[PDB]
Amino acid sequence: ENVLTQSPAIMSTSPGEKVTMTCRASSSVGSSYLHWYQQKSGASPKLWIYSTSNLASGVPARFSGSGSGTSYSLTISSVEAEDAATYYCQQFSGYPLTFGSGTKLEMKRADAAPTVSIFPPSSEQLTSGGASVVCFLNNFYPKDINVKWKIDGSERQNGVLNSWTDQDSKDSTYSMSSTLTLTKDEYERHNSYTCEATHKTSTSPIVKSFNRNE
């Protein structure tokens, strides 16, 4: 097959900025056979640019494409906030039809520190014989963040489920939940529980903790 590689995978962009994402093919593609699609979150892809030069209907003039052979690109003269989406290149030159790995447009914003909450296992889960300590980290930027779990001052690094949210539509921040999961016995043999988040917005890790005696 003719595999299409798109770069970058993820692109951070403030509205007003000019950006250029590229689509590179393993084999030569006819200029009239490479197309571009935009896909908003939770929606079906739309034909954006066909034959790498021609904008589909509805597509703002700010969008354009260029390229030939094995190197193509989608260029936006002036990014708007409504351009936050994933862009796929596709060749219909030869079978099998292939799409590109995709390029995701994410917006920029001032760096935000995470408001952080820690939660002890519910009494209800404790009856079941399990114990999940949950740590929330909300409305921060940029996306990448690093938690660490401590039990009685000692670091624990297993039984953890981390989950980021996608970029929020208006504020443009992110959120991440960490879930330390222990057994019933493991949870009660200790007392102090701690989760810290190292994020670039501070170089001192914010700390949230509780103990089983208050």
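The term rigid core refers to the most C-alpha atoms you can superpose between the two forms while keeping them within 1.5 Å. Numbering starts at 1 and runs along the sequence shown.
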*Segment of greater CA departure in 7 other deposited structures of this protein, 180 to 188 or 37 to 45, core superposed*: 37 to 45
*Could you check whether 160 to 168 or 53 to 61 drifts more from the shown form in 7 other deposited structures of this protein, using RMS Cα distance once the core is superposed?*
53 to 61
*Select between 121 to 129 and 138 to 146 the stretch whose C-alpha atoms have the higher average B-factor in the entry.*
121 to 129
_When the Cα temperature factors in the entry are averaged, is it 148 to 156 or 26 to 34 that ends up higher?_
148 to 156
_residue 61 - which third its CA temperature factor falls in, relative to the rest of the chain_ = lowest
*Quick one: classify residue 12 as lowest, middle or highest third of the chain based on its Cα B-factor.*
middle
*Which third of the chain does residue 67 land in by C-alpha B-factor: lowest, middle or highest?*
lowest
*asked:* Please place residue 213 in the lowest, middle or highest third of its chain according to the CA B-factor in the PDB entry.
replied: highest
*asked:* Considering every modelled residue of the chain and its Cα B-factor in the PDB entry, is residue 182 in the lowest, middle or highest third?
replied: highest
